[PDB]
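Quick setup: the structure tokens below cover two forms of a single protein chain, split into structure 1 and structure 2.
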Structure 1
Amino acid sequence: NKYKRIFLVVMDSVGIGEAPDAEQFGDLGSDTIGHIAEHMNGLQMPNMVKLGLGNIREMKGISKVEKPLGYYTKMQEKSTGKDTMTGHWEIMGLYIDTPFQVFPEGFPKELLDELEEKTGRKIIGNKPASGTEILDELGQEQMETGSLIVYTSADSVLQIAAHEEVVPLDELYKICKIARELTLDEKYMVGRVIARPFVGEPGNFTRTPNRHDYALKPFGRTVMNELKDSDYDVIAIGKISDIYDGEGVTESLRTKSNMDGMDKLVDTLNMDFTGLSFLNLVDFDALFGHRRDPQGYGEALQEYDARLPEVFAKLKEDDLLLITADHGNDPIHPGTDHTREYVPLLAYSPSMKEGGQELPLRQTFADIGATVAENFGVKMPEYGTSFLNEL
């Protein structure tokens, strides 16, 4: 081991400019950070800048430094998707030719009519919403009419909510299994169908622990599996566990927000492990990119950066911090979908005594997993070139 512990931080959707193949994704002219910096009239990110963010690309408020703390570069995506699952799966060593649909605004009618025709039920909703907001909005119409409440979040999830006194649990699961088979289709690929039973009465509904999830496991063995199987530690913080459907996860830390995520990261800097601590910061995407809010997005970027000194304070000489993104989601770019963009890569360790340097442009996100695996001496991923030897 060159490093005892590796802290990997995905800043969900924080893209650094349109990818060479953006045209194929309708993302011509996309620039997540750059457009935010323009809207912000200068972005304030002194710590990322210190790590070398501006040395990768110079943007409003983000200028390059003379002696960066870490190593720096951009990564190009190889997989044919720009969704969260595709990104994370690539990062951990896989190549995806069948990508997932994000469905940021809900589902096409033909999929839902097929599910009506297959279930004997009618469907209401079909909108992006939080669990409790849709139950407040449509929970009573569910009870009275017997319709299925079908909704989504920002990412590749199809949720079906129904009252346990109106749709028995067994009928609900049966319906989700149908839905899961129907969305096992490249045109309708969802990553997770979720059964969302609720009880209570109108104006006072509660989701129950009878939630079941129909998720797709990563298309292959990830670097996470290789770590877990050689008895390393794989700590999953935030959506990470969901994203990889538990594959290769040894411990799991749920989080309610970007700040809560950073708090959990600091907790892990405070535990004895050997392996990988792996955090997703999802708010940039869920709260800001999909709501096309570049101001709140700038504010969250600055807020996140303000947490980095706390991280710097806990890093040991044999720790490596890696900071990246899994796609873009430019809040100025048309519509609410993700954007096909390069993602930044920063690599810092306090054992980089005379600072870092520009890494060659990473050809696949899988270069991260390759680096993680070369470090711990487990099975190398099928795709990806390790950059550990440059560090």
Structure 2
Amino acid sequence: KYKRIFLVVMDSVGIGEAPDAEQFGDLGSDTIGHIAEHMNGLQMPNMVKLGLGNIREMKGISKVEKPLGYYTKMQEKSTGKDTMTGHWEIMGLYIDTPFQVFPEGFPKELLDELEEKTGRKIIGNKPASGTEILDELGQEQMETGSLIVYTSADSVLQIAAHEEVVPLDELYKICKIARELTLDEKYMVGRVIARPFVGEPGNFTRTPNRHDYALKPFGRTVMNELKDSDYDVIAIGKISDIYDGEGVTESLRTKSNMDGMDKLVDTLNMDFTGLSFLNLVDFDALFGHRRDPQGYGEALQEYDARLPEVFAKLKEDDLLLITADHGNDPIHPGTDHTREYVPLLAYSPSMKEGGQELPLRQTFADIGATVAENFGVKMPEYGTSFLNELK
């Protein structure tokens, strides 16, 4: 049916609280809706043309009589609302065990065991930017040989040490220890990150010697199946990292949302057969977690303005899928993601009559099931394809 599928995850761009939002303390959450209200009307005319307002009408986002493609929202079935859970579900899995975040730092039980296994004390133990934590604790780390352990708003455990105090190979081994300790549901972290730095007090800089220790998806994904069947799987942005490279044939790293759209355009220009899969992370990383609705709105408007060029490049046998992985409502309390429905837009220029409303997707895995059916690869255990509906 389709030679190429272009899948775009607008990271954290949720479309209103899910039925189980209360389980997470996420009642009232509405990412796009609250941004629209803050912007006094979001300017997203191209998403509107695709049918975004037909899913839900929000300030500045109204329904259209003839949407370019098909539209609906998706409900998350997996236990957690983190990025890995969302993406793993999108590609055909079901994840019972959520990844955890640590707004007050890591539990004493974990750090005590890390201290025992490394013969070093742990300092910091809080959310912080790389720069902030080095300014505060970099000197102490140097003087003592303690390990700086910190986190972000996401499911990460970061370990900073001066390269002349803890040599790279030693820091990597420490991170591997930390990775094994954090394969535990009491404190399951998405990735352990080595954060080596150099310099002197008041002038510390992190080195390009960072290493990541991620968990692989809890199952063979639709990406695995595509790769194993000799299809192209082109990962753009954080996609390769999120899946620990599983099922990825080529990875295109990006530096911003606009760079991600440039790479999407690059893949439109490529002759491939299979999947081009983009994550636009700025929404989540720069605006959602920082609870910055203005910046979030601006980012959404910048993204929307790039879309007509994508529309112009799509072929008759190309499918464009636009969705999200969870919410991250920039006016919600705290710094965590929000449990929300995610929008789904499915567009191909071969839809000569435009689109219609699809039935609500009961799991994100419906995307994976649709991709798998299209390319004739092994169907995921979870998910219901909407491929036949796109006609």
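The first residue in the sequence of structure 1 is number 1, and each one after it adds one. Superpose the two forms; the largest set of C-alphas matching within 1.5 Å is the rigid core.
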Did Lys118 shift 2 Å or more between structure 1 and structure 2, C-alpha, core superposed: yes
For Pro197, is the CA shift between structure 1 and structure 2 at least 2 Å following rigid-core superposition? yes
Angle, in °, that the smaller rigid part sweeps relative to the larger one between structure 1 and structure 2: 18
In Å, how far apart are the CA positions of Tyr72 between structure 1 and structure 2 with the rigid core superposed? 0.2
After fitting the core, how far does the CA of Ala154 move between structure 1 and structure 2, in Å? 4.1
Quick one: CA shift at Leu169 between structure 1 and structure 2, core fit, Å? 2.6
